[PDB]
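Whatever order the structure lists ligands and atoms in, that order sets their numbers, starting from 1. Here is the naming used below: chain letters follow the sequence lines, and residue numbers restart at 1 for every chain.
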4 protein chains.
Amino acid sequence: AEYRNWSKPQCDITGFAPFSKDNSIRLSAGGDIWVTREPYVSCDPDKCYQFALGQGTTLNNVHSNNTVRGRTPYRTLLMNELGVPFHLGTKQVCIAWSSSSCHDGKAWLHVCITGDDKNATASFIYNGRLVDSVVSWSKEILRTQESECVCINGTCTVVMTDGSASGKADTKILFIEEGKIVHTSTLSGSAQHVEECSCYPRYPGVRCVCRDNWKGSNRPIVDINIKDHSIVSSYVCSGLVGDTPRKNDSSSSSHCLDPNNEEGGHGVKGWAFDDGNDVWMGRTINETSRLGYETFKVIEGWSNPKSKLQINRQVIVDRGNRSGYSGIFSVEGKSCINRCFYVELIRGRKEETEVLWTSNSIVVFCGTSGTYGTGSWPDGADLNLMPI
Amino acid sequence: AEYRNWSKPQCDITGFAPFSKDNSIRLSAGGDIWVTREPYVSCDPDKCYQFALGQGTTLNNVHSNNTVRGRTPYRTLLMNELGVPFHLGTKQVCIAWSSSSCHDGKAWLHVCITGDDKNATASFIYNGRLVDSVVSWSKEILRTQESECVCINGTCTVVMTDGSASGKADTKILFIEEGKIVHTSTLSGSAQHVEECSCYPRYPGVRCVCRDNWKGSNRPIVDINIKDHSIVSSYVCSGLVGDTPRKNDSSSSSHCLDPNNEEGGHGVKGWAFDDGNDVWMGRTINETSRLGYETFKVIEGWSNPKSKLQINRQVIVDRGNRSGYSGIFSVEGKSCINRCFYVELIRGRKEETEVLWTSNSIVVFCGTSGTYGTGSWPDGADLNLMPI
Amino acid sequence: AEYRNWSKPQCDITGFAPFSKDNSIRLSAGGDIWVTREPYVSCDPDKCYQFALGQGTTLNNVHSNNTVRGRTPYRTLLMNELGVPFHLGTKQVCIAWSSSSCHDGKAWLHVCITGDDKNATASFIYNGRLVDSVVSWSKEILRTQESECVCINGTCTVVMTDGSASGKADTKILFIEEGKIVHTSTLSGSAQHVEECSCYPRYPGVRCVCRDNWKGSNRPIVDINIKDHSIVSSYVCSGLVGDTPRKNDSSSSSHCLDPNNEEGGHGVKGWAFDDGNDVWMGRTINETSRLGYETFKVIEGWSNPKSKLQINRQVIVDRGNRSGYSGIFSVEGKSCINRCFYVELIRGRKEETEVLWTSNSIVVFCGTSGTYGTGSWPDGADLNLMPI
Amino acid sequence: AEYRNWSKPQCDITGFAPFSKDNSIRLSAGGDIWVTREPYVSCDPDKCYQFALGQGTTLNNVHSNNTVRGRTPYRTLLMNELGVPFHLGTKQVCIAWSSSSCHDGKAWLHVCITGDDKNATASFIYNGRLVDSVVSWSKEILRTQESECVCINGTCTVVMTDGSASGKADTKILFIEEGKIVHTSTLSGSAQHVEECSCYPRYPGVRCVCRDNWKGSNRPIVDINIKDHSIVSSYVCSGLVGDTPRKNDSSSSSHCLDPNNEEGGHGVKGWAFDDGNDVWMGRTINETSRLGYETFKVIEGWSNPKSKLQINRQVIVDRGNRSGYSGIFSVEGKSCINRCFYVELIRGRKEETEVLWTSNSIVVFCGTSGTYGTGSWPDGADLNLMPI
Ligand SMILES: *[C@@H]1O[C@H](CO)[C@@H](O[C@@H]2O[C@H](CO)[C@@H](O[C@@H]3O[C@H](CO[C@H]4O[C@H](CO)[C@@H](O)[C@H](O)[C@@H]4O)[C@@H](O)[C@H](O[C@H]4O[C@H](CO)[C@@H](O)[C@H](O)[C@@H]4O)[C@@H]3O)[C@H](O)[C@H]2NC(C)=O)[C@H](O)[C@H]1NC(C)=O
Ligand SMILES: *[C@@H]1O[C@H](CO)[C@@H](O[C@@H]2O[C@H](CO)[C@@H](O[C@@H]3O[C@H](CO[C@H]4O[C@H](CO)[C@@H](O)[C@H](O)[C@@H]4O)[C@@H](O)[C@H](O[C@H]4O[C@H](CO)[C@@H](O)[C@H](O)[C@@H]4O)[C@@H]3O)[C@H](O)[C@H]2NC(C)=O)[C@H](O)[C@H]1NC(C)=O
Ligand SMILES: *[C@@H]1O[C@H](CO)[C@@H](O[C@@H]2O[C@H](CO)[C@@H](O[C@@H]3O[C@H](CO[C@H]4O[C@H](CO)[C@@H](O)[C@H](O)[C@@H]4O)[C@@H](O)[C@H](O[C@H]4O[C@H](CO)[C@@H](O)[C@H](O)[C@@H]4O)[C@@H]3O)[C@H](O)[C@H]2NC(C)=O)[C@H](O)[C@H]1NC(C)=O
Ligand SMILES: *[C@@H]1O[C@H](CO)[C@@H](O[C@@H]2O[C@H](CO)[C@@H](O[C@@H]3O[C@H](CO[C@H]4O[C@H](CO)[C@@H](O)[C@H](O)[C@@H]4O)[C@@H](O)[C@H](O[C@H]4O[C@H](CO)[C@@H](O)[C@H](O)[C@@H]4O)[C@@H]3O)[C@H](O)[C@H]2NC(C)=O)[C@H](O)[C@H]1NC(C)=O
Ligand SMILES: *[C@@H]1O[C@H](CO[C@@H]2O[C@@H](C)[C@@H](O)[C@@H](O)[C@@H]2O)[C@@H](O[C@@H]2O[C@H](CO)[C@@H](O)[C@H](O)[C@H]2NC(C)=O)[C@H](O)[C@H]1NC(C)=O
Ligand SMILES: CC(=O)N[C@H]1[C@H]([C@H](O)[C@H](O)CO)O[C@@](OC[C@H]2O[C@@H](O)[C@H](O)[C@@H](O)[C@H]2O)(C(=O)O)C[C@@H]1O
Ligand SMILES: CC(=O)N[C@H]1[C@H]([C@H](O)[C@H](O)CO)O[C@@](OC[C@H]2O[C@@H](O)[C@H](O)[C@@H](O)[C@H]2O)(C(=O)O)C[C@@H]1O
Ligand SMILES: CC(=O)N[C@H]1[C@H]([C@H](O)[C@H](O)CO)O[C@@](O)(C(=O)O)C[C@@H]1O
Ligand SMILES: CC(=O)N[C@H]1[C@H]([C@H](O)[C@H](O)CO)O[C@@](O)(C(=O)O)C[C@@H]1O
Ligand SMILES: *[C@@H]1O[C@H](CO)[C@@H](O)[C@H](O)[C@H]1NC(C)=O
Ligand SMILES: *[C@@H]1O[C@H](CO)[C@@H](O)[C@H](O)[C@H]1NC(C)=O
Ligand SMILES: *[C@@H]1O[C@H](CO)[C@@H](O)[C@H](O)[C@H]1NC(C)=O
Ligand SMILES: *[C@@H]1O[C@H](CO)[C@@H](O)[C@H](O)[C@H]1NC(C)=O
Ligand SMILES: *[C@@H]1O[C@H](CO)[C@@H](O)[C@H](O)[C@H]1NC(C)=O
Ligand SMILES: *[C@@H]1O[C@H](CO)[C@@H](O)[C@H](O)[C@H]1NC(C)=O
Ligand SMILES: *[C@@H]1O[C@H](CO)[C@@H](O)[C@H](O)[C@H]1NC(C)=O
Ligand SMILES: [Ca+2]
Ligand SMILES: [Ca+2]
Ligand SMILES: [Ca+2]
Ligand SMILES: [Ca+2]
Ligand SMILES: [Ca+2]
């Protein structure tokens, strides 16, 4: 049982093939399911696990009312094997209203954040025990990735941000070894605002496509060297921009170094990855609202901020159906590292007033070298008929 | 952990002994059980699993209305250990409205089909990761076995069909190594229409008894050659024929190479297997609708299309109770390979109107060289008393 | 892994200490619990498992009505780890309205009987596969232990009976190796009528204490030589008798060789085992119906039919609460073989009319060489308050 | 598989970081959850489990009325992995209205106590089998820790008590090897009343901080030597006292050798451990009720009975929210033994009269050598809306 090095070439990708769906909300209309948001997927060397931030309630439960609030003391990080819905026998791995997790090849690491808005604690749990913890540094809603962290040769990296959701905030990259924070680097380079990174192994370092909640509707890239703890940052060149909200396809623009100052305020967790000078990326179909989800390859979109040339569009979720967050994760094949992605399908408040609650289901696709068709895999539930 | 070969002779069979019963519908009247159809059974070297395509819903649930619909974005392949009903902690192992699984002696392969009717994706998931995928090739419902695939020396074979359900169609046989498609042989031989193949190992090959939905109420046999990827095909010779609908024993006839053209349109998944020049097989008792289930040996049924000589009839489900699909699976003993079979006990729509859902339960019987008696093991739910 | 020889002396036993209690019925007034009966405990070399025969329904279910019927085609053998109640997650191992199970030290064998009254089938399932089966031999309810079998050097043995519940019947002892019936020895010796043996290892052989449903309220003993397959049989000498119904303490008598001819009709499954020339035994407290449960030692109970000298009484279930079936199982310590017993606590029909169903819970005790006190541990459910 | 000896230094401790929350009551508002009390956490070498005392019922369940009663024949010890809440799949591991548990590195010991008030039995269950038992020695509610025991080089140790709750009483220290009571020392030294010890491994021996139900608001300390079986005892010097009820922080006083005689009668289980001459300790925030919960360090709190200088306070549960029992457990790190604690959050009767039941949820913190913020993590259930 050795540490993961991720030192294989990236797999060829022609687009994505369906992988998993949990049907969470449809199951809750007739069963006991955890209320959740901020879901994500991560895998040990054998199998993939699904993760979410619980609201310390099930759905057909009085405590469901007001689960739109995203920081309560009852939020726990749930962990099942992938495709096992979050039923009552699901294990709550830590107290977290914000988190991240990764397996280094030997054990699970879990970065968990709970407490008061202005004085939060982040806990680091490795191989089933608490190993370290750190205070909020800027005393303003300390938060992390909401998707998998990445470990290389024993060292795990995680990007955390404390500070304003709409001005310069303070972002750090922690390097954890077996639960212990061994080094902390601060954000450097040109990305002006970073949130909810979707990171992946790009041997010999780590790459992150994040969220800019301030001036940018293009996406910040962050590049972590694991050996000397140096950090560079920039933006996803691509003329077609990953964030929501944003400008429409014709109107939009980007920039390889700065935020585009286009609709920038607010955002969503999303992902992207290089393919030579091309970029594979997903996004909500609608530019303003979290409806629908699509993916495509942008030719020259990693190095040309003028490129708007998309090939291989797939609809994952049709524009009439709600979506949400999304993030990457990497699965090691025999010869190559695959990239896969999960999409959050949010139902309930405040967009939908049919119910009093707010939760999600997920859907998961993995890259493929093979061939694929079409279809739309949305959440499914009829809220007109749900509990109360 | 070595690759399975099934390089053992087929065990003596004097009939079938009772093996397993999930009591799924009766349980779901006072419990939370998945709605499902197209159930099946495959075993790793240790123990047996039950599979079904779920309907992304439980039974006592608003979402269970109209579950008669065969293909939806919400259908997932379920997998419990055999005997474990489909409760909420059941793993969904992939997105699928048609599927097939098998174990190569090292890990599970799952062949999963989901998507648009005219543009469907088949994802190939091996050892808990996605290895390959293919588009629909003839853009008319890409479909597969709905029972176990078969692996020999870590080369797994699966039969897939795309095209009309009542005319010539495009059948291919795939050869999957560690989740990777290494070859696609197209169907050759004298079989005119092939669906839902119940395959089993027959060292050094694989043999399938399928469903002809077009002209034949006999059953196609497809012989796969694992080493040089060649394919021959024909029909099961026996005069008492496998399909439903069909005509009574007095009027029915067969042919070793062609569809019988006797009430051949429409069908049902079923199974058969050779014993020297004799045939073991099961089928519905009612000739036209899927009521009852029975199993027998036809003497010279494997080779002599005039033979109508059955010895060893067992009622499995009596004539007055609903059955459905049924398939073979194989189990390796100390000395030899046993053959077993399950039976889908379909309840609900469109045949029964007391309820709005369509679901199933199952019963499994296994080969025995010992003795046995009689009995009938139906589903046994009272639908008059179920969820409004 | 190695086969169990049980080649260690019986532990010193001063009485019994509390071990396990499942609270089945009480939990079912607010949970989804299986309707069961004919429970029992058996242990693999690490931990113990509980078994019962389910009714194809949960308690809060419409199908729970009339579960006083012992033989339905919906009855499956359930297997959970000891002290895990029979929830919807529970595995059904085989179809059975009668069973026996044991672990040879490498795998589980289960002996499962289902089918028609006049033509039942016994299945022999070993290491998760069906390996043999036998037909009812006298066409009158083929039935077996309803508790653990015993395996010595990988040769397991089990006692089955076919024929009258109130007359001579045909009892046979099967020797099973790796699921395969290698021998069948018919009952021999002075035992006149024999049902539901509570068997235990007693190196170099096995011993059973059974239920005479015909002409004895004393209990049959059967001995089984594992190497030569010979069978001797008699009765539990003790003038204090173990079956129920029976005559009261002052009136009763016994015979080392013959049924006592005392209220001898009917019976109840129960157990005894020898400690030198003394006899440890449990029985219902009330002589004529299945109320309460007690245990004691009879001085000279094993070699004196006129002995009525009890020491070491413990009340397991008090005379106002319902008991039922009860059986032995054995557990290997470092230096000795402990003997333990379970007690079925039945509730519902026919004796209790406040509910429509018939189910049970269990309490379990284990032999102790230490000291102990006193208590009553009944079912504890409130029928006047159960699902109406 | 070697035995644990804990021969490693106590980790640097700056205070506590959040580890786990179970959210149990909130879930039983829409889920089938066990009624519990007296919970606690212990860990094997890999991972942590959570135990609590069931009431032989779930919450939404008519049997939950009256569960303020602490000793019933339906009380069983529960054992899930930590953060997996007590759903219907939870293993009851023994009969017990009082218990302790610990893993010695190879297997689990459970010390389980049930039976009559005046004649309790304590069963000792190791590696999945019953190895011993004792009767109550003074015939007045025999009782043990309700938290982990401690094992060293294969010798485990537990503190037990029999006798008056409000006068002198009979406390013993049992030493257990592989489930066998190998020695019994009786309580010695300054401590006058010893209940519910929270014990930890302080190489080469064991240390416990207990509850004095009689004359003390300061907390008994009991040193256990594991090699020569010697017992000394005293009280927690610190002038800030650990028990509830107590006098306030201005009025209170302690004493290193004797109870303090201050509002002393009654109590609550709690914990403390030494840090050189300082004392880390927790306690309720309210002096006379089990409202709130706080932890702090007292400088010179382990030697100076005049010292009232607290540093590093944390609020675990705010003053207006309920708590209850709280105890310690210890976790072996790479280099050091860490100390963690759990806090029982009791809800319901007789304090809260909106509901008929009495149950609890739980929070768990672990020692950290890093930094932390603040917060509060109460039960958070809404009894005004709960069941009936
Ligand atoms: C079965 O499923 C497959 C795979 O999902 C479908 O094939 C895909 O079709 C999509 C969408 O039409 C393709 O993505 C598109 O690529 C265009 C490229 O245009 C041409 O140029 C290349 C040369 O580089 C030629 O090889 C090729 O023949 C193309 O004609 C882009 O320009 C498209 O972007 C524009 O259209 C989308 C969608 O309408 C807009 O939203 C965008 O904003 C933009 O204006 C688009 O990305 C994809 O590449 C195909 N995949 C594969 C693997 O071939 C089948 O069409 C489908 N069959 C059926 C019946 O549904
Ligand atoms: C207890 O359980 C056993 C085993 O399950 C039952 O015995 C089986 O009974 C079935 C049904 O009768 C037997 O199967 C039948 O075989 C017939 C063979 O014909 C003859 O030839 C052989 C020698 O070559 C003789 O041994 C035999 O006596 C016959 O004279 C077929 O003719 C039957 O098919 C026809 O009957 C059925 C209706 O039963 C129709 O629906 C068919 O369409 C067809 O016309 C049938 O296949 C089977 O062989 C027996 N198995 C064994 C191992 O003996 C017992 O009957 C049962 N006991 C009780 C009391 O129920
Ligand atoms: C705390 O817990 C312990 C252990 O459970 C109890 O001690 C047991 O008590 C029982 C019942 O009282 C004892 O079992 C009885 O033994 C009797 C033997 O009688 C005496 O005579 C012989 C020979 O002269 C002496 O050798 C021996 O020392 C005895 O003093 C039997 O006569 C009893 O059977 C008769 O009475 C019962 C009711 O008790 C009837 O129902 C029977 O049918 C019959 O008439 C019985 O077998 C047992 O031996 C004790 N166990 C141990 C290990 O010592 C404590 O009493 C209990 N304490 C409290 C306060 O409850
Ligand atoms: C974010 O979270 C951190 C960590 O939880 C908080 O820092 C802790 O704050 C608490 C509360 O004030 C501190 O606990 C207190 O320690 C005092 C020690 O006094 C001094 O100690 C030395 C030398 O004198 C100096 O370093 C320091 O400046 C202190 O002034 C005790 O005196 C306190 O006890 C009294 O307070 C409580 C009520 O608050 C009473 O009920 C007590 O009985 C008693 O009268 C108290 O114990 C704690 O030490 C801090 N820990 C650390 C590691 O710094 C931050 O406060 C928080 N930040 C924000 C903005 O909320
Ligand atoms: C059960 O559903 C039927 C049919 O519903 C169809 O399938 C659903 C999943 C969804 O796609 C619906 O829009 C479809 O109608 C319901 O009966 C239909 O109701 C519609 C609108 O109310 C009406 O126009 C038609 O009469 C019905 N459609 C068909 C095809 O028959 C019905 O409401 C449900 N029954 C109950 C008792 O709830
Ligand atoms: C295999 C089987 O059915 N066993 C029964 C058992 C046997 O019938 C008994 O050993 C005689 O052979 O009887 C049990 O019967 C209970 C139930 O059955 C009616 O037939 C009876 O007349 C009623 O009074 C009623 O109690 C038993 O527990 O004694 C159950 C067991 O399943
Ligand atoms: C073994 C047992 O019953 N332990 C109790 C414990 C003991 O009574 C204590 O150690 C003193 O010997 O007390 C606890 O009980 C609280 C409960 O007690 C009733 O008798 C009384 O009516 C009320 O005070 C009621 O709250 C305790 O929490 O202190 C719990 C534990 O189960
Ligand atoms: C830790 C945390 O609170 N995360 C929350 C984010 C952050 O506020 C943004 O990252 C702003 O920085 O906003 C959400 O409403 C959202 O967009 O879905 C909910 C999510 O739970
Ligand atoms: C892939 C798919 O949809 N299969 C469906 C089949 C096909 O229509 C037949 O193979 C004819 O092509 O028909 C069913 O109604 C049936 O017969 O039970 C259900 C099943 O789900
Ligand atoms: C997009 O941009 C602007 C909205 O600011 C609008 O005027 C224009 O019509 C839109 N173009 C398209 C192609 O939708
Ligand atoms: C986004 O939603 C609005 C409706 O609120 C719609 O007008 C707009 O065109 C949508 N964008 C797309 C691409 O459909
Ligand atoms: C399986 O394939 C290998 C090739 O690597 C071959 O050498 C081996 O003998 C094959 N198995 C059998 C039974 O022929
Ligand atoms: C035993 O039962 C008989 C009734 O048949 C009765 O004569 C006798 O009194 C009973 N003995 C006792 C001790 O109750
Ligand atoms: C035996 O059981 C019946 C049940 O109704 C009861 O009436 C009778 O009194 C009991 N006998 C004894 C001796 O307890
Ligand atoms: C604490 O309460 C007691 C009541 O006996 C009293 O001595 C003291 O004044 C109180 N302390 C404070 C600070 O009010
Ligand atoms: C303790 O709890 C009681 C009950 O509500 C409350 O009245 C009292 O004020 C509390 N004491 C303190 C010191 O907060
Ligand atoms: Ca329910
Ligand atoms: Ca933005
Ligand atoms: Ca046909
Ligand atoms: Ca009798
Ligand atoms: Ca006190």
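Near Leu356(B), with a cut-off below 4.0 Å to any heavy atom, the atoms of ligand 5 are 37 (C). Those atoms of ligand 16 that come under 4.0 Å of a heavy atom in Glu287(D), given as number and element, are 13 (C). Per-residue contacts place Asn286(D) under 4.0 angstrom from the following atoms of ligand 16 (heavy atoms of the residue considered): 1 (C), 2 (O), 3 (C), 8 (C), 10 (C), 11 (N), 12 (C), 14 (O). Numbered from 1 in the order shown, with element, the atoms of ligand 12 that lie under 4.0 Å from a heavy atom of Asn153(B) read 1 (C), 2 (O), 3 (C), 8 (C), 10 (C), 11 (N), 12 (C), 13 (C). Of all the atoms in ligand 12, the ones that sit under 4.0 Å from a non-hydrogen atom of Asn5(B) are 13 (C). Near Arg69(B), meaning under 4.0 Å from one of its heavy atoms, ligand 5 places the atoms 7 (O), 8 (C), 9 (C), 11 (O). The ligand atoms of ligand 5 that sit less than 4.0 angstrom from a heavy atom of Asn65(B) are 1 (C), 2 (O), 3 (C), 32 (C), 34 (C), 35 (N), 36 (C), 38 (O).
Of the protein's heavy atoms, at least one falls inside 4.0 Å of atom 6 (C) of ligand 5. Distance check on atom 11 (O) of ligand 5: some protein heavy atom falls below the 4.0 Å cut-off. Protein heavy atoms are found inside the 4.0 Å sphere centred on atom 1 (C) of ligand 5. The protein does not reach atom 4 (C) of ligand 12 closely, with no heavy atom under 4.0 angstrom from it. Closer than 4.0 Å to atom 21 (C) of ligand 5 lies none of the heavy atoms of the protein. Proximity of atom 27 (C) of ligand 5 to the protein is not indicated, since no non-hydrogen protein atom lies closer than 4.0 angstrom. At a distance under 4.0 Å, no protein heavy atom can be found next to atom 31 (O) of ligand 5. Distance check for atom 38 (O) of ligand 5: a protein heavy atom is found below 4.0 Å. Under the 4.0 Å distance rule, the nearest protein heavy atom to atom 14 (C) of ligand 5 falls outside the cut-off. In this structure, atom 11 (N) of ligand 12 is in close contact with the protein, since a protein heavy atom lies within 4.0 Å of it.
The closest side-chain donor-acceptor pair between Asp318(A) and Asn321(A) falls under 3.5 angstrom. Side-chain contact of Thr58(B) with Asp32(B): a donor-acceptor pair under 3.5 Å is absent, judged by distance alone. Looking only at atom types and distance, the side chain of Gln55(B) has no donor-acceptor partner in the side chain of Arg37(B) under 3.5 Å away. Donor-acceptor pairing under 3.5 Å is recorded for the side chains of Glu196(D) and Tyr325(D).
The N/O atoms of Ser289(D), backbone and side chain alike, include none that comes under 3.5 Å of an N/O atom in ligand 16. Not a single N or O atom of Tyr203(B), backbone or side chain, sits closer than 3.5 Å to an N or O atom of ligand 12.
Residues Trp377(D) and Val363(D) approach most closely at CB-CG2, 4.0 Å, considering heavy atoms. Nearest heavy-atom pair, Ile25(A) versus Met386(A), reported as atom, atom and distance to 0.1 Å: O-CE, 3.3 Å. Closest non-hydrogen pair, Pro85(A) versus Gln92(B), comes out as CD-NE2, 3.8 Å.
Protein heavy atom in closest approach to atom 8 (C) of ligand 5: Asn66(B) ND2, 3.3 Å.
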Show your working on side chain to side chain donor-acceptor pair (under 3.5 Å) between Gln10(B) and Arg339(B) and close with a plain yes or no. CA-CA 8 Å; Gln10(B) 155 168 300; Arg339(B) 312 297 180 184; 2.8 Å; yes
Should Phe124(B) and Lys180(B) be marked as a side-chain contact (heavy atoms from CB on, under 4.5 Å) after you check the CA-CA gap, both sets of side-chain angles, and the distance that decides it? CA-CA 8 Å; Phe124(B) 297 78; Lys180(B) 181 92 140 60; over 6 Å; no
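The aromatic rings of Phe273(B) and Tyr200(B) stand perpendicular to each other, their planes meeting at an angle above 60°, with 30° marking the opposite boundary. Using cut-offs of 30° and 60° for the angle between ring planes, the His183(B) and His229(B) rings count as parallel.
In this structure, CG in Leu59(A) is found 4.0 Å from OG in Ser28(A), a value given to the nearest 0.5 Å.
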